[PDB]
Amino acid sequence: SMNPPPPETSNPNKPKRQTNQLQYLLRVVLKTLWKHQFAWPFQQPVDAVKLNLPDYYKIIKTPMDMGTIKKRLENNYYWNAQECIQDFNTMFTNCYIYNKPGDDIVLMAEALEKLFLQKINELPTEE
């Protein structure tokens, strides 16, 4: 089977704004998680064809990855910071859903999620 179209990262019909939480999410949270040693499998959509994962898109109906989240931030696609947090949460739970406790990729995601949760606890108050 082919891969599905990647998640939308730009929509010309949506309104745009700048918020201090959205600015922090791109310039602090994502820039820290991206440089992490376990970030690389989450820096682009799951390429089920290249990775030979035929049942991936039969199980994962809501795919998400950091490449898409970053593109969404740079495009001002998110209005709220909650939408960006939901997407990171979707990325992690998708990994725990498809894979099993103890698999190497699940250990990688757990460590990335731990840094993410810590960086989100330091999120500034809305101005």
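Please treat every number below as a calculation from the coordinates, not as lab data. Note: ideal-geometry Cβ built from the backbone for every residue, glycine included; neighbour counts use all protein chains shown.
Just to confirm the filter: which trypsin sites (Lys or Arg not before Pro) across the stretch 38-126 are DSSP coil and have at most 13 other Cβ within 10 angstrom of their Cβ? It would help to have the intermediate numbers written out before the result.
Working: sites: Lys50, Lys58, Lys61, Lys70, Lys71, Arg72, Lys114, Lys119; in loops: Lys50, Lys61.
Qualifying residues, ordered by number: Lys50, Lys61.
Sort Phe92, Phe116, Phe38 so that the residue with the fewest other Cβ atoms within 10 Å of its own Cβ comes first and the one with the most comes last. Show your work: numbers first, answer last.
On the way: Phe92 19, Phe116 22, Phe38 16.
Least crowded to most crowded, the residues run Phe38, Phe92, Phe116.
Hey, what angle do you get for helix 104-121 against the long axis of the chain, alpha-carbon based, 0 to 90 degrees rounded to 10?
So the helix axis and the longest Cα principal axis differ by about 10 degrees.
As I understand it, the value is the acute angle between the Cα axis of helix 81-98 and the longest principal axis of the Cα atoms of the chain; what does it come to in degrees, rounded to 10?
For helix 81-98, the angle is close to 10 degrees.
Below 8 Å, C-alpha to C-alpha, sequence gap of six or more: please give me the relative contact order for the chain in percent. Provide the component values of the computation, followed by the final result.
Details: 127 pairs, mean separation 46.2, N = 127.
Relative contact order of the chain: 36 percent.
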